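Before any comments, here is the structure.
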Amino acid sequence: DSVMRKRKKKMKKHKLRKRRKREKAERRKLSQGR
Amino acid sequence: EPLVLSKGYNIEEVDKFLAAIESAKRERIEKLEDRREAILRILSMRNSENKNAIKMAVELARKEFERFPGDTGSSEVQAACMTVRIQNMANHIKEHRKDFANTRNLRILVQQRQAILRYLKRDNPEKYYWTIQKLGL
Amino acid sequence: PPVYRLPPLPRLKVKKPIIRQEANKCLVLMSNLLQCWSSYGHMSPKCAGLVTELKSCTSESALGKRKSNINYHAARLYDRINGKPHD
Amino acid sequence: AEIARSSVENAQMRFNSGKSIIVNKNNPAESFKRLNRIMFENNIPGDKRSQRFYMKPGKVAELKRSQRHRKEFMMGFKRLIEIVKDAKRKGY
Amino acid sequence: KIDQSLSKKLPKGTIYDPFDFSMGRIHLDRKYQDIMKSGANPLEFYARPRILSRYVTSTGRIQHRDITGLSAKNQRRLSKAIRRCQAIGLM
Amino acid sequence: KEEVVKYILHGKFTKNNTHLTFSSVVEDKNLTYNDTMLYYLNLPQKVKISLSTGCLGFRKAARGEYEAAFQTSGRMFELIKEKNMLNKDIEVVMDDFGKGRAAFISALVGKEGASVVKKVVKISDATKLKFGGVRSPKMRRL
Amino acid sequence: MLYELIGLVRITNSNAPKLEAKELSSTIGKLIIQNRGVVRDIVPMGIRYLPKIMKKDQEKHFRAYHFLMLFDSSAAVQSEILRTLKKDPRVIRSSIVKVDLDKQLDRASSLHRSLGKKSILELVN
Amino acid sequence: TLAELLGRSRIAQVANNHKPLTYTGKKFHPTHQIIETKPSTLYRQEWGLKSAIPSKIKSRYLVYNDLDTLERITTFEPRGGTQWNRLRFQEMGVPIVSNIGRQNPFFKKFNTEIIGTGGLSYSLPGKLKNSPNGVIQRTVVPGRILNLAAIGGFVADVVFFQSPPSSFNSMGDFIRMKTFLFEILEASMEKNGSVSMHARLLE
RNA sequence: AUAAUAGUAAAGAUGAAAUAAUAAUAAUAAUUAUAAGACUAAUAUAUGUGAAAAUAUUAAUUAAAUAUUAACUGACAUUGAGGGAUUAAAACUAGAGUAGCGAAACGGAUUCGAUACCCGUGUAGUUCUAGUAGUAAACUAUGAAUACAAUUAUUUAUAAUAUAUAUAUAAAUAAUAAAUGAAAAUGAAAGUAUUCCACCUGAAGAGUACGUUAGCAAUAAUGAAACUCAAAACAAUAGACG
Ligand SMILES: [Mg+2]
Ligand SMILES: [Mg+2]
Ligand SMILES: [Mg+2]
Ligand SMILES: [Mg+2]
Ligand SMILES: [Mg+2]
Ligand SMILES: [Mg+2]
Ligand SMILES: [Mg+2]
Ligand SMILES: [Mg+2]
Ligand SMILES: [Mg+2]
Ligand SMILES: [Mg+2]
Ligand SMILES: [Mg+2]
Ligand SMILES: [Mg+2]
Ligand SMILES: [Mg+2]
Ligand SMILES: [Mg+2]
Ligand SMILES: [Mg+2]
Ligand SMILES: [Mg+2]
Ligand SMILES: [Mg+2]
Ligand SMILES: [Mg+2]
Ligand SMILES: [Mg+2]
């Protein structure tokens, strides 16, 4: 990986983290009791 | 034991040497006794390091196991020599839990011991069994 | 002592070579005059000849009189003076 | 008390640090210059400047290495130029 | 009368040369210019500030191996001894 | 009793401002030997004239500058001359290597500190440094 | 185990400075000998001024009397001696440090070794 | 064999040393073997060394350390002043004798110390030197006073009846300019190999 | 930080300014005197040491460590799936601690705007003790082992030399030869060979989803497919640009 190539990966990782943050309450609801 | 000495000395021999020196001086009491006591204190195990004691223990083990006077390197004697160190290393670890480098070192040492006993078993099984029995394994 | 061998360089040269020429006579005279005037009040006749000398110096121009080949040698002798191993 | 009196500020001279000099009345400027030189030798202003901010330990180590390299290069250059000068002098 | 810096005093028993009287000689001389180097571990001197203070700057800093001009090991021993000294009261 | 042994001229020269301070070392002539010796070693001081370059009417940014510091030094020297603390010897000290430090020394050298210099026995720096200590602020990006 | 010691003792009394030092030397030497130990040498050093005004608990000191005690002991003994030194009010700075006996048996104090004399035999002669 | 010839040959004859060519310390005797050329050999830059020597050198004599170095230059200095000092000493004709009561070493495991003189003088002390004018009792030599006096390639201790003010105090530290005559009394030689001459100022 | 001393109007900050537990309740600077944490200036080269994370104020204890000789063992070795242990910073759970720094938050600037860069308050955190967790550009972006190959210069240690010389060894570091290589360059390995393990097979989608295991948790490991392209990537070259 060059830095430029890495930056796409970084961006992807950030997006994933954001998604996880968004779907925290939903995830909690899904997890407990089933 | 109470009158055991470090630095590869023996108490009986030391006293004899001192007496011989005295005789030589005469040829050519309380103070002399005090000097002798001072010497003993200097050369005692209990004032010396643990390292000297370990060395002595290793020597004793070698003497016990050697299949002839010269033997150092007999698979059995090697194992015996390893054991003393392991015991001491184990004791050290028991004092010092988080000393991870020295736990690793201990581990390596027992792996080495295992390996040499495995070898002994292949070479000379009865002898290996005897060695094991002696060591308490 | 600790010797320090450089790596292979593109070109051994001093960035700026100083000539180290002598300081100007007129400037020196002016400094001397200034020093004299620090003592002895403003303009006493102890520095009567000094002022005249300064004037003589700085008549045609403010300064009286108006390069070291070191790079050429370094450039010349770099390839020799290297301890660069053979080709 | 008598003993204290006898000890005429003997400790005061040796107790103080090396950042101190007795002024000659003929030239205070010279004394100041000497002090400045001493400070430079001890690297005290440069140390003070370094201490204004924090620099991550790996970063400061890298900087230190770079400085060392630069130093070693400069004395390697000096060595080279001295040789060049000698060659010039001789005829080479 | 003249200052000491611009006149080379040839010693008593020495040889000299016509060049030796010159400015250039003096310049050359100007250009070209101990117990720890003698061969004894400096970690004997940790109760001897007087001798360890020679290997230290006016403020108190330890001098660099470039300055002091020691064997690397011997330098490190000296440094250790100095640090021991300042841990104690003495030095 | 209160005998003035010597004066100490302190100059803290930071990035943004100077602080010039004059102070008398006040020894009393009037117990254990060790205690007396300790007292002799560290004689109490009394401040006589404090000064900072804003006191000379330099507002905000100009007080971090070289001329302002020089002016403050000159004012200090004038005060020393007038208020009559020139009978005993003087001890100069400094801190923090600002522009103003450079100004102060230049002022002392020149005619502005002409009367003071002859009493100045010793110059002696005392800038504070740390051998590790508290971590400094993060190095500003700008 | 040969341990060197360096204690910088207090000197309260002006006229008779060494008394407190002497008492300290006696006491620690007594402790050593009670506990299987053997003091070899008690090198005095001068009434030397401290580099800075060094302070103990609720006290201050500028001058002290310095000495080396070069004794043998166990490790535990030595540690306890060190602790006792740290505890007492009449010493400013204390420092025990090991002298290695893997090569030699006779070893002089650090000062004597620095001077030239490796063993105490040399000092005697 | 070739090896034998090499061992014999004139480069092997020059005993090796890595002493500084520039030594600003005290010089009591020659450091390096002086090496001359002939004029013809100089003209085609040949000194009997590994390489040619630069055409910038026009002096026939030199001193060297290394035949060839890593810098691709022979380490030399074009000067042979030490021969001239010896020749001056010979001209002066003051025979070196050991002031200590000892036999002359040239008459009768290894000792590296200097055997008598270093070979600057193999002259014997008992001779006189006649001339047209007569038998020379006092050896007259011109030298320069420094502050000690430089007398023909040697610094020498000096003595006089009265210190002359007119010559000295007129030019206090430019006494080196004016050459004065000297009467050399005797030359002793110490353990370090320094020639300790003793002169007397004549006026 | 608190207190005292004397002393006078600004102080502190910044590109320049302000806001603030700043200051006419008497500060800041100075000199003292207490306390508190946390850090370790020079030496320093991370040289070296450690399996790697790491590791430079001092001392002690216990552990482990180098070389060469002598003797002994007699292939007992190498590598190592699975497995095991250790594993920076952040994070988390307890209980202490909390000076300085400092996510967040609030305030002041900057700016068209400024959820920033700068300044001020400054909570988590950073600190210790006991744990959890097992990841980082955890990098020499280079798995371990053995045999071998052309030079030079530096140090370091070893031996002899007749302690200070010039020699023989190793070891490291720096320049290279050959060789290899897409080249950059590698240089006793990225060379010549042998052995063993790990891993890769276009780019996106994806280290994602689902599933399982482990964790107090954040998460860690394991790890697909559909859909869509003839792209996608590296070394070097010459420009243009800053
Ligand atoms: Mg890759
Ligand atoms: Mg094995
Ligand atoms: Mg902050
Ligand atoms: Mg490794
Ligand atoms: Mg450090
Ligand atoms: Mg770290
Ligand atoms: Mg944490
Ligand atoms: Mg907590
Ligand atoms: Mg902030
Ligand atoms: Mg764990
Ligand atoms: Mg991760
Ligand atoms: Mg990873
Ligand atoms: Mg790392
Ligand atoms: Mg090639
Ligand atoms: Mg290949
Ligand atoms: Mg490849
Ligand atoms: Mg390379
Ligand atoms: Mg599934
Ligand atoms: Mg995952």
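Quick note on naming: the chains in the structure tokens go A, B, ... in the order shown, residues restart at 1 in each chain, and ligands are numbered from 1 in order of appearance.
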Check: which chain I residues lie within 9 Å of chain B using only C-alpha atoms (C1' of nucleotides), as a ChimeraX atom specification: /I:50,62-64,71-73,76,85-86
- Query: Contacts of segment 42-55 of chain G at 9 Å or less, counting only C-alpha atoms (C1' of nucleotides), minus same-chain residues fewer than 6 places along, as a list in words?
  - Reply: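 After dropping sequence-adjacent residues, the list is residues 11, 14, 15 and 16 of chain D; 89, 90 and 91 of chain E; 38 of chain F; 11, 17, 18, 25, 61, 62, 63, 64, 65, 66, 67, 68, 69, 70, 71, 92, 93 and 109 of chain G.
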Generate the output file for the selected residues, C-alpha atoms, as an mmCIF file, in the first residue's frame.
data_model
loop_
_atom_site.group_PDB
_atom_site.id
_atom_site.type_symbol
_atom_site.label_atom_id
_atom_site.label_comp_id
_atom_site.auth_asym_id
_atom_site.auth_seq_id
_atom_site.Cartn_x
_atom_site.Cartn_y
_atom_site.Cartn_z
ATOM 1 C CA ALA D 11 31.067 28.516 51.490
ATOM 2 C CA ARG D 14 32.021 27.356 46.304
ATOM 3 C CA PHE D 15 28.239 26.849 46.845
ATOM 4 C CA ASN D 16 27.205 28.970 43.826
ATOM 5 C CA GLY E 89 25.708 14.134 48.764
ATOM 6 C CA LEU E 90 29.369 14.442 47.652
ATOM 7 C CA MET E 91 29.238 16.124 44.204
ATOM 8 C CA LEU F 38 23.056 29.256 57.465
ATOM 9 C CA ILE G 11 28.040 17.953 62.870
ATOM 10 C CA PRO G 17 32.680 17.860 65.227
ATOM 11 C CA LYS G 18 33.675 14.163 64.966
ATOM 12 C CA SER G 25 30.540 4.371 63.361
ATOM 13 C CA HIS G 61 22.913 21.101 56.586
ATOM 14 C CA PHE G 62 25.760 22.818 54.703
ATOM 15 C CA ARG G 63 28.808 20.986 56.165
ATOM 16 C CA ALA G 64 29.157 17.333 57.188
ATOM 17 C CA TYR G 65 31.715 14.733 58.247
ATOM 18 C CA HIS G 66 32.265 11.952 55.706
ATOM 19 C CA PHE G 67 33.501 8.367 56.194
ATOM 20 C CA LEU G 68 33.669 4.929 54.559
ATOM 21 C CA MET G 69 32.962 1.665 56.363
ATOM 22 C CA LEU G 70 34.076 -1.366 54.386
ATOM 23 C CA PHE G 71 32.311 -4.375 55.939
ATOM 24 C CA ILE G 92 22.391 13.444 55.921
ATOM 25 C CA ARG G 93 23.147 11.002 53.085
ATOM 26 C CA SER G 109 37.873 0.582 49.754
#
task: Would you mind writing down, as a list in words, each residue of chain A that DSSP on the backbone assigns to helix (DSSP H, G or I)?
output: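 Output for chain A, helix (DSSP H, G or I) only: residues 3, 4, 5, 6, 7, 8, 9, 10, 11, 12, 13, 14, 15, 16, 17, 18, 19, 20, 21, 22, 24, 25, 26, 27, 28, 29, 30 and 31 of chain A.
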- Message: List as a ChimeraX atom specification the protein and nucleic acid residues lying within 12 Å of ligand 9, with only C-alpha atoms (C1' of nucleotides) and all ligand atoms counted.
- Response: /F:137-138,140 /I:101-108,116-122
*asked:* Using only C-alpha atoms (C1' of nucleotides), which protein or nucleic acid residues come within 12 Å of residue 57 of chain G? Drop anything in the same chain fewer than 6 positions from it, and give the result as a ChimeraX atom specification.
replied: /G:86-92
Q.
I need the strand (DSSP E) residues of segment 12-141 of chain F per DSSP on the backbone, written as a count of residues only.
A. 30
key: At most 12 Å from ligand 13 (only C-alpha atoms (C1' of nucleotides) and all ligand atoms): residue list as a list in words   = residues 57 and 58 of chain D; 52, 53, 54, 87, 88, 89, 136, 137, 138, 139 and 140 of chain I
- Taking only C-alpha atoms (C1' of nucleotides) and all ligand atoms into account, report as a PyMOL selection string which residues have an atom no farther than 10 Å from an atom of ligand 1. (chain A and resi 1-2) or (chain I and resi 141+200)
Residue selection dump (N, CA and C atoms (P, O5', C5', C4', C3', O3' and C1' of nucleotides)) as a PDB file, in the first residue's frame:
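Output file part.pdb is given in full below:
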ATOM      1  N   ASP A   1       0.828  -1.247   0.000  1.00  0.00           N
ATOM      2  CA  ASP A   1       0.000   0.000   0.000  1.00  0.00           C
ATOM      3  C   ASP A   1       0.845   1.272   0.000  1.00  0.00           C
ATOM      4  N   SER A   2       0.659   2.096  -1.029  1.00  0.00           N
ATOM      5  CA  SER A   2       1.050   3.506  -0.983  1.00  0.00           C
ATOM      6  C   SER A   2       0.115   4.246  -0.022  1.00  0.00           C
TER       7      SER A   2
ATOM      8  P     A I 141      12.021  -0.572   6.272  1.00  0.00           P
ATOM      9  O5'   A I 141      10.558  -1.192   6.355  1.00  0.00           O
ATOM     10  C5'   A I 141      10.241  -2.410   5.661  1.00  0.00           C
ATOM     11  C4'   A I 141       9.078  -3.093   6.331  1.00  0.00           C
ATOM     12  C3'   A I 141       8.622  -4.395   5.681  1.00  0.00           C
ATOM     13  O3'   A I 141       7.987  -5.240   6.637  1.00  0.00           O
ATOM     14  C1'   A I 141       6.982  -2.727   5.341  1.00  0.00           C
ATOM     15  P     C I 200      -3.442 -16.237   2.129  1.00  0.00           P
ATOM     16  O5'   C I 200      -2.677 -15.502   0.941  1.00  0.00           O
ATOM     17  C5'   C I 200      -2.744 -14.077   0.769  1.00  0.00           C
ATOM     18  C4'   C I 200      -2.149 -13.690  -0.562  1.00  0.00           C
ATOM     19  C3'   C I 200      -2.868 -14.256  -1.772  1.00  0.00           C
ATOM     20  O3'   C I 200      -4.007 -13.435  -2.003  1.00  0.00           O
ATOM     21  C1'   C I 200      -0.522 -14.501  -2.041  1.00  0.00           C
TER      22        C I 200
END
Which neighbours of residue 99 of chain I fall inside 10 Å, counting only C-alpha atoms (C1' of nucleotides), when residues of the same chain fewer than 6 positions from it are skipped, and could you give them as JSON, numbers by chain? {"F": [134], "I": [1, 36, 37, 38]}
What would the file look like if the residues just selected were written as a PDB file, in the first residue's frame with C-alpha atoms (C1' of nucleotides)?
ATOM      1  CA  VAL F 134       6.065  18.516  34.438  1.00  0.00           C
TER       2      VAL F 134
ATOM      3  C1'   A I   1      -0.903  25.588  45.112  1.00  0.00           C
ATOM      4  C1'   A I  36       1.664  17.658  46.399  1.00  0.00           C
ATOM      5  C1'   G I  37       1.945  14.652  42.671  1.00  0.00           C
ATOM      6  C1'   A I  38       4.167  13.320  38.253  1.00  0.00           C
TER       7        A I  38
END
Computed gap from atom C1' of residue 177 of chain I to atom CA of residue 82 of chain C is 17.3 Å
Please write out the residues within 9 Å of ligand 14 as number ranges by chain, counting only C-alpha atoms (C1' of nucleotides) and all ligand atoms.
C: 87; I: 176-179
Suppose we keep N, CA and C atoms (P, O5', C5', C4', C3', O3' and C1' of nucleotides); can you now write the selection as a PDB file, in the first residue's frame?
ATOM      1  N   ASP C  87      35.967  -0.084  -9.177  1.00  0.00           N
ATOM      2  CA  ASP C  87      34.806  -0.177 -10.058  1.00  0.00           C
ATOM      3  C   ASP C  87      34.366  -1.633 -10.204  1.00  0.00           C
TER       4      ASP C  87
ATOM      5  P     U I 176      28.271   2.579  -2.348  1.00  0.00           P
ATOM      6  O5'   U I 176      28.436   0.994  -2.278  1.00  0.00           O
ATOM      7  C5'   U I 176      28.540   0.169  -3.453  1.00  0.00           C
ATOM      8  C4'   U I 176      29.982  -0.153  -3.768  1.00  0.00           C
ATOM      9  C3'   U I 176      30.192  -1.373  -4.653  1.00  0.00           C
ATOM     10  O3'   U I 176      30.052  -1.073  -6.037  1.00  0.00           O
ATOM     11  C1'   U I 176      31.593  -1.542  -2.767  1.00  0.00           C
ATOM     12  P     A I 177      29.592  -2.213  -7.065  1.00  0.00           P
ATOM     13  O5'   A I 177      30.757  -3.294  -6.950  1.00  0.00           O
ATOM     14  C5'   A I 177      32.039  -3.075  -7.569  1.00  0.00           C
ATOM     15  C4'   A I 177      32.773  -4.379  -7.768  1.00  0.00           C
ATOM     16  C3'   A I 177      32.014  -5.479  -8.499  1.00  0.00           C
ATOM     17  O3'   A I 177      31.985  -5.276  -9.909  1.00  0.00           O
ATOM     18  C1'   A I 177      33.126  -6.394  -6.622  1.00  0.00           C
ATOM     19  P     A I 178      30.668  -5.633 -10.749  1.00  0.00           P
ATOM     20  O5'   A I 178      30.491  -7.196 -10.494  1.00  0.00           O
ATOM     21  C5'   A I 178      31.382  -8.146 -11.109  1.00  0.00           C
ATOM     22  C4'   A I 178      31.282  -9.497 -10.438  1.00  0.00           C
ATOM     23  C3'   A I 178      29.962 -10.235 -10.618  1.00  0.00           C
ATOM     24  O3'   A I 178      29.900 -10.913 -11.868  1.00  0.00           O
ATOM     25  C1'   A I 178      30.593 -10.300  -8.342  1.00  0.00           C
ATOM     26  P     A I 179      28.568 -10.842 -12.753  1.00  0.00           P
ATOM     27  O5'   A I 179      27.462 -11.465 -11.790  1.00  0.00           O
ATOM     28  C5'   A I 179      27.536 -12.839 -11.365  1.00  0.00           C
ATOM     29  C4'   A I 179      26.515 -13.139 -10.287  1.00  0.00           C
ATOM     30  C3'   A I 179      25.075 -12.726 -10.574  1.00  0.00           C
ATOM     31  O3'   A I 179      24.421 -13.691 -11.394  1.00  0.00           O
ATOM     32  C1'   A I 179      25.665 -12.018  -8.400  1.00  0.00           C
TER      33        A I 179
END
Nearby residues (only C-alpha atoms (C1' of nucleotides)) at most 12 Å from segment 7-21 of chain A, same-chain spacing under 5 positions excluded, as number ranges by chain
A: 1-2, 26-28; I: 204-208, 218-219
Just the residues within 8 Å of residue 195 of chain I, please, counting only C-alpha atoms (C1' of nucleotides), with nothing from its chain fewer than 4 positions along; format it as a PyMOL selection string. chain I and resi 78-79+145
Go ahead and write the residues just picked, N, CA and C atoms (P, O5', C5', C4', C3', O3' and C1' of nucleotides), as a PDB file, in the first residue's frame.
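Resulting contents of again-v5.pdb:
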ATOM      1  P     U I  78      18.121 -27.066  17.669  1.00  0.00           P
ATOM      2  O5'   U I  78      17.742 -26.954  16.126  1.00  0.00           O
ATOM      3  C5'   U I  78      18.633 -26.323  15.190  1.00  0.00           C
ATOM      4  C4'   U I  78      18.051 -26.350  13.797  1.00  0.00           C
ATOM      5  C3'   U I  78      16.677 -25.721  13.629  1.00  0.00           C
ATOM      6  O3'   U I  78      16.746 -24.299  13.581  1.00  0.00           O
ATOM      7  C1'   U I  78      16.726 -27.792  12.499  1.00  0.00           C
ATOM      8  P     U I  79      15.662 -23.409  14.360  1.00  0.00           P
ATOM      9  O5'   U I  79      14.343 -23.600  13.490  1.00  0.00           O
ATOM     10  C5'   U I  79      14.311 -23.245  12.097  1.00  0.00           C
ATOM     11  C4'   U I  79      13.135 -23.904  11.421  1.00  0.00           C
ATOM     12  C3'   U I  79      11.780 -23.682  12.069  1.00  0.00           C
ATOM     13  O3'   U I  79      11.203 -22.412  11.777  1.00  0.00           O
ATOM     14  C1'   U I  79      12.019 -25.961  11.504  1.00  0.00           C
ATOM     15  P     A I 145      18.022 -17.458  12.754  1.00  0.00           P
ATOM     16  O5'   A I 145      18.397 -18.921  12.253  1.00  0.00           O
ATOM     17  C5'   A I 145      18.440 -20.004  13.194  1.00  0.00           C
ATOM     18  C4'   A I 145      18.635 -21.326  12.490  1.00  0.00           C
ATOM     19  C3'   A I 145      19.929 -21.477  11.703  1.00  0.00           C
ATOM     20  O3'   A I 145      21.022 -21.682  12.592  1.00  0.00           O
ATOM     21  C1'   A I 145      18.131 -22.319  10.429  1.00  0.00           C
TER      22        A I 145
END
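For the pair atom CA of residue 81 of chain B and atom CA of residue 136 of chain B, the separation is 14.1 Å.
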